[PDB]
Amino acid sequence: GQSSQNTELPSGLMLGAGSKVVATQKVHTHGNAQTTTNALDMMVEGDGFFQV
Amino acid sequence: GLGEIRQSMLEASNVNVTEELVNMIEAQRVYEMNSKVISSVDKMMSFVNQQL
Amino acid sequence: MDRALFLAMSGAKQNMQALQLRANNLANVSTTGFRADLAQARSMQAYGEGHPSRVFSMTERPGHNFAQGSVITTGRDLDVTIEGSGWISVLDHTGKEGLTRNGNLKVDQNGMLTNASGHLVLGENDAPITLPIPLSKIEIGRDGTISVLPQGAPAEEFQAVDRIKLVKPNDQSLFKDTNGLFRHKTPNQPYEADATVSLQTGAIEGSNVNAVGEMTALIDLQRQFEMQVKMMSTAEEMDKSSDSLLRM
Amino acid sequence: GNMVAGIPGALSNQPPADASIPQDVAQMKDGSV
Amino acid sequence: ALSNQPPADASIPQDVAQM
Amino acid sequence: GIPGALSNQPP
Amino acid sequence: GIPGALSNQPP
Amino acid sequence: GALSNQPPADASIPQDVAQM
Amino acid sequence: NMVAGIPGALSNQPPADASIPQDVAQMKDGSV
Amino acid sequence: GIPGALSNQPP
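Protein chains in written order, with the UniProt record's numbering: chain A, 54 to 105; chain B, 211 to 262; chain C, 1 to 248; chain D, 329 to 361; chain E, 338 to 356; chain F, 334 to 344; chain G, 334 to 344; chain H, 337 to 356; chain I, 330 to 361; chain J, 334 to 344.
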């Protein structure tokens, strides 16, 4: 496994094994506001989560 | 530092309908480019056992 | 039988190896901070007795495409991309420093600042950057400065906690390791933190693979591969014909 | 017992940078063993 | 061309310097 | 002697 | 024998 | 070839060498 | 003591294939 | 006879 030996020469040739999806990252940015006339639907402005 | 509760309001989804369409364009092209490599390798292997 | 069978087989086999190298670049078109690998051939002659007629060729990776990648605007505070030439110092699972360009940073529960691949990001102290746990606003500066806002603090309590270690060494003195991290070819050489490299925060740098360039080299590899295979077929055809000398 | 040895065919006729033959077997080509 | 001394093995190095 | 022939010995 | 020789018997 | 005085055994091709 | 079996393709396969009747497979052992 | 050899007359 001497990769740094002659990495630019034919003896040091390295081949990749492909690609993969490491993660499906969530982007918790703040969404827009929907002003409703219902008296029981509510929004958290900023950091926080409702607990059920 | 917690968020404030706003009554009669709702938080819309933060998805960007234009990000997904641009992401679809690149992902579709990369999907087709890798298919050609698979097709290319298939014909090269087919050539060897048809010629030799 | 003629030794041109193996002289042509070696060329055909090496063309496949270059094909594998190019196929990896196309699989990693959408990868973040991915530097496309180069592929070429070297003519190595069989020096010795006889006529100088047998020359072999083996594929090699002379370098990488260090051009600026495709910058993706994500509008995320923890997304940074290097402006022009530069690197981000990270340590892998083993604990060895390596240069990466994956600016897709994240914060775990303990507060350590890692990237999308899980590599710890180094700082001015040359230790992994650790932030206070209860954060409320994280902003990355232009020069790698990390300024945080403690949870519940007013907007005027903005202070810097750490600085991203940006390194700008000679590109031709770097080699990609087995895990995608660029390191120095000469071992035990420190990575000096450069004060010129700038980070364009709010964006992520994609790969620099030239897709059309990969395809137009694929079609060349196919033709050269198939010509050498025909040489293998004409080598055995000659041997079959010459087999009639002893027949009587 | 002064013999010469090695893998015949395609493996040996590649240039030595390929490193396909085991080193122990490749060193029995000069008459050793 | 029958000689009395076995021919030397051909060499195919990556660099002629390290030969 | 073919003027300018290649040789078969490491340069 | 050959140092890397393979055996024809079950391991 | 190498003539022996006892018949050679039949080769065994097991799917798992433990079950032999 | 005859040695018997199916000649050719069926015999020259691993026993895991199991394409030979068990009675015929016994005959090759050397008992009939 | 073979244990399971086909006959040559109608079954």
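C-beta atoms are modelled at their ideal positions from N, C-alpha and C, and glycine is treated no differently.
So residue i contacts chain L; which residues on that side make the cut at Cβ distance below 7 Å?
i: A338(D); result: Annotation note: the requested chain L is absent from the structure, which comprises protein chains A, B, C, D, E, F, G, H, I and J.
In its own chain, which residues sit with a C-beta less than 7 Å from the C-beta of residue i, not counting the 5 before and 5 after it?
i: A160(C); result: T145, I146, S147
i: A217(C); result: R22
i: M112(C); result: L120, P128, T130
i: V212(C); result: none
i: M9(C); result: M232
Tell me residue i's beta-bridge partners as DSSP assigns them.
i: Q217(B); result: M95(A)
i: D162(C); result: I146(C)
i: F182(C); result: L99(C), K176(C)
i: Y191(C); result: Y191(C) pairs with nothing; no bridge assigned.
i: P128(C); result: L122(C)
i: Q351(H); result: In the DSSP output, where bridge partners are listed per residue, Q351(H) has none listed.
i: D2(C); result: DSSP lists no partner for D2(C).
i: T73(C); result: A203(C)
i: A86(A); result: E221(B)
i: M112(C); result: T130(C)
i: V55(C); result: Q45(C)
i: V361(D); result: In DSSP, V361(D) forms no bridge with anything.
What distance in whole Å lies between the Cβ atoms of residue j and residue i, which are believed to be in contact at a cut-off of 8 Å?
i: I138(C); j: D79(C); result: Rounded, the Cβ-Cβ distance is 11 Å, inconsistent with contact.
i: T82(A); j: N224(B); result: 5 Å
i: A46(C); j: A347(E); result: 4 Å
i: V229(C); j: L262(B); result: 7 Å
i: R183(C); j: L99(C); result: 7 Å
i: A222(B); j: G99(A); result: Contact doesn't hold; Cβ gap of about 16 Å is too wide.
i: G152(C); j: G211(B); result: 4 Å
i: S72(A); j: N65(C); result: Not quite, the Cβ-Cβ distance comes to about 17 Å (not below 8 Å), so this is no contact.
Relative to the C-alpha of residue i, which residue among the options is closest?
i: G180(C); options: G65(A), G69(A), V97(A); result: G69(A)
i: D2(C); options: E237(C), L246(C), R247(C), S244(C); result: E237(C)
i: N125(C); options: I164(C), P150(C), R101(C), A116(C); result: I164(C)
i: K96(C); options: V229(C), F6(C), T74(C), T178(C); result: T178(C)
i: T77(A); options: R54(C), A67(C), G63(C), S117(C); result: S117(C)
i: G65(A); options: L7(C), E60(C), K13(C); result: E60(C)
i: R216(B); options: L62(A), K73(A), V74(A), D94(A); result: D94(A)
i: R142(C); options: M232(C), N28(C), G202(C), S53(C); result: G202(C)
i: residue 295(C); options: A8(C), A155(C), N110(C), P154(C); result: In the structure as shown, chain C begins at 1 and stops at 248. Residue 295(C) is therefore absent and cannot be evaluated.
i: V209(C); options: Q20(C), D37(C), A12(C), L19(C); result: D37(C)
i: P343(D); options: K79(A), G71(A), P63(A), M67(A); result: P63(A)
i: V80(A); options: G63(C), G33(C), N104(C); result: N104(C)
i: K13(C); options: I204(C), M58(C), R42(C), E49(C); result: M58(C)
i: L220(B); options: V105(A), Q104(A), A92(A); result: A92(A)
i: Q58(A); options: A193(C), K168(C), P187(C); result: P187(C)
i: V258(B); options: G69(C), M227(C), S30(C); result: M227(C)
i: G63(C); options: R35(C), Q17(C), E192(C); result: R35(C)
In the structure shown, what three-state DSSP assignment does residue i receive?
i: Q342(D); result: coil
i: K230(C); result: helix
i: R223(C); result: helix
i: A12(C); result: helix
i: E230(B); result: helix
i: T196(C); result: coil
i: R239(B); result: helix
i: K73(A); result: coil
i: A222(B); result: coil
i: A67(C); result: coil
i: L105(C); result: strand
i: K137(C); result: strand
i: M356(D); result: helix
i: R61(C); result: coil
i: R42(C); result: strand
i: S117(C); result: coil
i: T31(C); result: coil
i: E83(C); result: strand
i: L91(C); result: strand
Return the chain-ordered list of same chain residues with a C-beta closer than 8 Å to the C-beta of residue i, the five sequence neighbours on each side being excluded.
i: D108(C); result: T114
i: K357(I); result: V332, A333, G334, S340
i: residue 295(C); result: The requested residue 295(C) is not part of the displayed model; chain C covers only 1 to 248.
Near residue i, what residues of its chain come up, given a Cβ to Cβ distance below 6 Å and the 5 sequence neighbours on each side ignored?
i: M44(C); result: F56
i: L135(C); result: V148
i: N15(C); result: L221, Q224, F225
i: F175(C); result: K185
i: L26(C); result: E214
i: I88(C); result: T100
Please indicate yes or no: does the CB of residue i lie closer than 7 Å to some heavy atom of the ligand MG?
i: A354(E); result: Within the structure as shown, the ligand MG is missing, as the structure has no ligands at all.
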